[PDB]
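S.K.: Got a structure for you, questions after.
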Amino acid sequence: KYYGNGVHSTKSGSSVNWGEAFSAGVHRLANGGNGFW
């Protein structure tokens, strides 16, 4: 499930929600993985 299942209200930030989801996960890999590189 990706780019579709949004916890927050899409009304407020539909496009911002999708990106926010993935962006949030980056924090996990940022501690031990790729992160943003």
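We name chains A, B, ... following the order of the structure tokens; residues begin at 1 in each chain, and ligands are numbered from 1 as shown.
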Among the residues of chain A, find those DSSP assigns to helix (DSSP H, G or I) from the backbone and print them as a list in words.
M.R.: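 Across chain A, those assigned helix (DSSP H, G or I) are residues 10, 11, 12, 13, 14, 15, 16, 17, 18, 19, 20, 21, 22, 23, 24, 25, 26, 27, 28, 29, 30 and 31 of chain A.
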S.K.: Neighbours of residue A:1 within 12 Å (only C-alpha atoms; same-chain residues fewer than 6 positions away dropped), as a CSV table (one decimal) with C-alpha atoms, in the first residue's frame?
M.R.:
```csv
chain,number,residue,atom,x,y,z
A,18,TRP,CA,1.2,11.1,-0.1
A,21,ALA,CA,3.9,9.4,4.2
A,22,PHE,CA,7.1,8.4,2.4
```
S.K.: So that I can see what lies close to residue A:6, please list as a PyMOL selection string the residues with an atom at most 12 Å from it, counting only C-alpha atoms and leaving out residues fewer than 6 positions away in the same chain.
M.R.: chain A and resi 12-22
S.K.: Which neighbours of residue A:35 fall inside 6 Å, counting only C-alpha atoms, when residues of the same chain fewer than 4 positions from it are skipped, and could you give them as a PDB file with N, CA, C and O atoms, in the first residue's frame?
M.R.:
```pdb
ATOM      1  N   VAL A  26      11.542   8.071   5.749  1.00  0.00           N
ATOM      2  CA  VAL A  26      12.944   8.420   5.551  1.00  0.00           C
ATOM      3  C   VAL A  26      13.666   8.573   6.885  1.00  0.00           C
ATOM      4  O   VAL A  26      14.866   8.316   6.987  1.00  0.00           O
ATOM      5  N   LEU A  29      15.104   5.103   7.983  1.00  0.00           N
ATOM      6  CA  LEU A  29      16.306   4.719   7.253  1.00  0.00           C
ATOM      7  C   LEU A  29      17.449   5.692   7.534  1.00  0.00           C
ATOM      8  O   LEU A  29      18.621   5.334   7.430  1.00  0.00           O
ATOM      9  N   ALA A  30      17.096   6.921   7.893  1.00  0.00           N
ATOM     10  CA  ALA A  30      18.091   7.944   8.194  1.00  0.00           C
ATOM     11  C   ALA A  30      18.922   7.560   9.413  1.00  0.00           C
ATOM     12  O   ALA A  30      20.046   8.028   9.583  1.00  0.00           O
TER      13      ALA A  30
END
```
S.K.: Quote the spacing between atom CA of residue A:10 and atom CA of residue A:36 in Å to one decimal place.
M.R.: 25.6 Å
